[PDB]
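Participant: First piece of the complex, coordinates kept as in the full assembly:
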Amino acid sequence: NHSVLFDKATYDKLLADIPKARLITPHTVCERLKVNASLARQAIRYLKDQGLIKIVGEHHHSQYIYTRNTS
Amino acid sequence: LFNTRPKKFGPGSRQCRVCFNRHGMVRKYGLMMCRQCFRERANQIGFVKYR
């Protein structure tokens, strides 16, 4: 069902798209988007390093669970 | 020539001293006792069952 590459049309949107949402998970990326969970991990890892968003808890190795930054 | 294979190992090698039976051979601690033979004489050896 799902798209595997970035899709560089939606990369310009994806800067705007994810910081709107209240829940930020593996699932909420492919909720808004229609791509496999794997991109979502490297997306929210990219949005840690470059972008805004922050960890709810320091970390875990299975369920990530970020918030919007609120700034 | 006749009347001997290599008879060194396996159940054909060895038999119960008391009844000459290979089957059910208890070889723990070097008993060489067929089980039918072993259970009835077990008290006389030393073995007393509890729990």
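Facilitator: Received the coordinates, thanks. Residues are numbered from 1 along each chain as shown, chains lettered A, B, ... in the order given.
Participant: Residue A:54: neighbouring residues, count only.
Facilitator: If you count neighbours by other Cβ atoms under 10 Å in any protein chain shown, residue A:54 ends up with 13. Where you see a C-beta, it was placed from the backbone N, CA and C, and this is true even at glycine.
Participant: list the contacts for the nearest residue to it once chain neighbours are set aside?
Facilitator: Take residue A:54 and drop its neighbours on the chain: the residue closest to it by Cβ to Cβ, 6 or more residues apart in numbering or on different chains is residue A:69, 5.5 Å away. The contact partners of residue A:69, taken as Cβ atoms under 8 Å, 6 or more residues apart in numbering or on different chains, are A:19, A:52, A:53, A:54.
Participant: ok, residue A:69 to residue A:23 distance?
Facilitator: Distance of residue A:69 to residue A:23, computed by Cβ to Cβ, to the nearest Å: 14 Å.
Participant: helix/strand/coil for the residue nearest to residue A:54?
Facilitator: Assigned with DSSP: H, G, I helix; E, B strand; the rest coil, residue A:69 falls in the coil class.
Participant: after the longest helix that chain B contains comes which helix or strand?
Facilitator: Across chain B, the longest stretch assigned as helix under DSSP state H is helix B:35-40. Next helix or strand after helix B:35-40 toward the C-terminus (DSSP states H and E): helix B:42-45.
Participant: Show me what counts as buried in that following helix.
Facilitator: Judged by neighbour count using 16 or more other Cβ atoms under 10 Å in any protein chain shown, helix B:42-45 contains no buried positions.
Participant: Append chain C to the structure above:
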Amino acid sequence: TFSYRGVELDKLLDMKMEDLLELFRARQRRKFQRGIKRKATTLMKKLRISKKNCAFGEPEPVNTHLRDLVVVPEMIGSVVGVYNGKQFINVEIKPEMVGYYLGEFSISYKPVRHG
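Facilitator: Below is chain C, added to the chains above:
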């Protein structure tokens, strides 16, 4: 043409069996190093001299019990009557058959046909 391996059938008889074993699977080598005594060693004579007895034009059936003997490119083009269980059956061993055991070729039992 089309002997058995990269080494052709002209050369193989010439090649020594001892160094020959290197070009073998896994059990033939194990069997050969352990091997052989008794009445396999008589068939190395007996199946060899079975070739000369016929006048020409390419044999006569030498009966055996040894299913466990592995065939060897010394003795190819011979014949071996291998034991099933009651009856002997004829096996003209070929250039292709080297590697395998004798009692693989002669079956023990009839396959099926229920009802």
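Participant: returning to that earlier point: tell me how far the longest helix of chain B lies from the chain's centre.
Facilitator: Taking Cα atoms, centre = their mean, to the nearest Å, one finds helix B:35-40 lying 9 Å from the centre of the chain it belongs to.
Participant: what do you get for stretch B:35-49?
Facilitator: Stretch B:35-49 has its C-alpha centroid displaced from the chain centroid by 13 Å (Cα atoms, centre = their mean).
Participant: Show residues contacting that stretch.
Facilitator: Against stretch B:35-49 from outside (Cβ under 8 Å, 6+ apart): B:16, B:18, B:19, B:21, B:24, B:25, B:26, B:31, B:33.
Participant: Give me the nearest residue to residue B:37, chain neighbours excluded.
Facilitator: Nearest non-adjacent residue to residue B:37, counting by Cβ to Cβ, 6+ apart: residue B:18, 4.3 Å away.
Participant: quick one: terminal-to-terminal distance for stretch B:24-31?
Facilitator: From its first residue to its last, stretch B:24-31 covers 12 Å (Cα to Cα, to the nearest Å).
Participant: Please disregard the earlier target; I meant stretch A:27-45.
Facilitator: Using Cα to Cα, the end-to-end distance of stretch A:27-45 comes to 14 Å.
Participant: Pull out the buried residues from it.
Facilitator: Using 16+ other Cβ under 10 Å as the test for burial, stretch A:27-45 gives A:28, A:29, A:30, A:32, A:33, A:35, A:39, A:40, A:43, A:44.
Participant: and chain D on top of that:
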Amino acid sequence: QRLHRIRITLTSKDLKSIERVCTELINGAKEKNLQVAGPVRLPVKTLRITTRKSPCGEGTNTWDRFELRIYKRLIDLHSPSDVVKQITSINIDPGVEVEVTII
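Facilitator: Adding chain D to the chains above:
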């Protein structure tokens, strides 16, 4: 004579057979008043066989749980070997394997 060290092994099937020997040989040492330490009780090596009760397969598959028990116990001494031979040779017990050892 010379300063020696002796540590005598005791083994049997019964508890009651050794508890004679442990009480007797320490009092036998205390005739001469040698340097005795008390009897060091090692862990019990329980042997085990489980056979089926029935001769043949019939009925429910029931099992015996047979057991031996073996009791290693060690009387310690510091004394020469000529002295100890009087103590051990008198008061030998029925069916108790005993072996004297220097060091």
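Participant: Take the buried residues of helix B:42-45 again, chain D included.
Facilitator: Neighbour-count burial for helix B:42-45 flags residue B:42 (criterion: 16+ other Cβ under 10 Å).
Participant: how about the residues of chain B near chain D?
Facilitator: B:24, B:26, B:28-29, B:35-36, B:38-39, B:42, B:46-51 (Cβ under 8 Å from any Cβ of the partner chain).
Participant: 10 Å instead, please
Facilitator: Selection of chain B residues close to chain D by Cβ under 10 Å from any Cβ of the partner chain yields B:24, B:26, B:28-29, B:31, B:33, B:35-36, B:38-39, B:42-43, B:45-51.
Participant: Show the buried residues in the residues you listed.
Facilitator: By neighbour count, with 16+ other Cβ under 10 Å, those hold B:24, B:26, B:31, B:33, B:35, B:36, B:38, B:39, B:42, B:47 as buried.
Participant: How about exporting the longest helix of chain B as CSV, limited to the C-alpha atoms?
Facilitator: Extracted C-alpha coordinates of helix B:35-40, given in CSV (Å, rounded to 0.1, in the frame of the first residue of the first chain):
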residue,chain,number,x,y,z
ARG,B,35,15.1,-53.8,35.6
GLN,B,36,12.8,-56.7,36.4
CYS,B,37,15.7,-58.2,38.2
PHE,B,38,16.8,-54.9,39.9
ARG,B,39,13.6,-53.7,41.6
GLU,B,40,12.9,-56.7,43.8
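Participant: and the one residue in chain C that gets nearest to chain D, what is it in contact with?
Facilitator: Nearest to chain D in chain C, going by Cβ to the nearest Cβ, is residue C:109, at a distance of 29.9 Å. By Cβ atoms under 10 Å, 6 or more residues apart in numbering or on different chains, residue C:109 lies in contact with C:84, C:85.
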